[PDB]
Each structure stands twice: as structure tokens, then as C-alpha cells.
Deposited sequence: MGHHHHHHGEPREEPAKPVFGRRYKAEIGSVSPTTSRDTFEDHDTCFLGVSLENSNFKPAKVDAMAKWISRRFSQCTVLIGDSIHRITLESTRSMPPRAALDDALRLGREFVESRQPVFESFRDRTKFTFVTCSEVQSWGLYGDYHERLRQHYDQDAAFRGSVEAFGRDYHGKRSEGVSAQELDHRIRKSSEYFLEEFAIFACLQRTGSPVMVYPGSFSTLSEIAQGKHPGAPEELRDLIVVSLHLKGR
């Protein structure tokens, strides 16, 4: 069993105004231990006290990138697997969320659905361009992927691919931010989003500058 509490809030100034909103989104990563059924229960609970509507964003299509890299899977397997794992999560966890239908309506939306939106194209293109044309923003984004006896040209490749994950995901986050869900809930932080909100990448999309990310901490 677990108890969720505010770990952190970006921007800092939004740490005491975010609860004025009545709608949020919860970003779900797949095959991720922060989304075990019990943890999902504590996060839905914390959400149920603050928010009457919650989009549960399932990171399915973006998970294809993770599976290609870390498990070597070929293009079709990686996407069919990523979508299946998404379906399995919805089917597994959906009772956990319905336990709270008294207080919060949880709607599931997939990353693949939002990627069919024209907005995703607009946002993703602006983000990739700024990645290509701005060293400071590029370095912020690739900071996670620089976790990675492997050649220099190969390692670069894997840093790049891992950073393509974040550009897909940040564009999807901005899509939700601008379409009724200005607060994001996630059990973790995103340094790049944080710096953008604190005004450190002024050429990064405004839409991410207005995003509010509540980083939850899960304890037993």
C-alpha cells in the first residue's frame, strides 16, 4: 500500500495555485514500476481529492521507441507490442480508477490517438526544430539519455533515439495542456519541462511554458 504526496511542482510559483483547476492529466509510462496497481491506487486517490476530471494518458505508441532500443525488437513488433501493453494497462487498472467514480471521472486517452491530431504535428515539429537549432535546449533534453564498451557513433545514436522519446512525449503533453488539462500529474519530474517553466529556454514552445507539472512521491 502507498500514500501519494506532493514531491515537487513546476513552476514553483504554481505550487499553491494549481488546485484552483478542476481538471488534470496523469501521464502513464508503460512497463514502469511507478505504475504498479497499488501506486496507481494512491495516485488516483490523491487526484480524487483535488480534481473532478482526469485524463489518463497511456504512453503506448511512444513505448515503441523504448522497445526498439532496449530490446532490439523490429519495427512492427515494437509497435504492436507497445499498443498491446497499453490495452493491457487500461484493462488491468481501469477497476482501480472506477473505484473513485464517485469523485473523479477518469477518461483514458492514448498517445497514439493524440498523435493522430494535427496539433501533435504542429507541436512536435516546433520542438524538433528547437532541438536542432538550440544547443542549450538540446543538451537539456538529451541529459536523461546520457545515462547510456560501445563506440562513440553508436552511443550517440542511442542518446538520440532516447531523446526522440521525450520530444514525442512533450508534444503530447502540450496537446493535453492546451485542450482542457492544464495540470499534469506524474510520479517523477522532467528537468526540461521544469527549466522551461522557470523561463530558461525562451525559444521553447510557450505551450510548455504554461504547463503545470505536479510531481508526486509515493511512500508505504
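Stretches of the deposited sequence lacking C-alpha coordinates, numbered from 1: 1 to 22, 171 to 176, 249.
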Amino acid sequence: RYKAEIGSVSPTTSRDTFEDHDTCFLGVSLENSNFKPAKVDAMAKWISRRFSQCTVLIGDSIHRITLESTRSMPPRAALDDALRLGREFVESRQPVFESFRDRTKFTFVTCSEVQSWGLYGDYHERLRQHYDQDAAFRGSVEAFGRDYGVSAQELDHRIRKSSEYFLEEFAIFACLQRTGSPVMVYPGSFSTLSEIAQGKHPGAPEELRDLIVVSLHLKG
From here on, numbers count along this sequence of modelled residues.
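Taking the PDB entry as given, 199 to 207 carries the higher mean Cα B factor of the two stretches 199 to 207 and 21 to 29. When 164 to 172 is weighed against 65 to 73, 65 to 73 comes out higher, by mean CA B-factor as recorded in the entry.
The top Cα temperature factor in the record, among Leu127, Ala78, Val96, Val109, falls on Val96. Residue set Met184, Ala38, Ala44, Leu57: peak C-alpha B-factor at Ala38 (per PDB entry). Ranked within its chain, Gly145 lands in the highest third, by CA B factor from the PDB record. When all modelled residues of the chain are sorted by CA temperature factor, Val90 is found within the highest third. Compared with the other modelled residues of the chain, the Cα B-factor recorded for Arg178 ranks in the lowest third. Remark: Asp102 belongs to the highest third of its chain, ranked by C-alpha B-factor as recorded.
For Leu216, the recorded CA B-factor ranks within the middle third of the chain. Only modelled residues enter the ranking.
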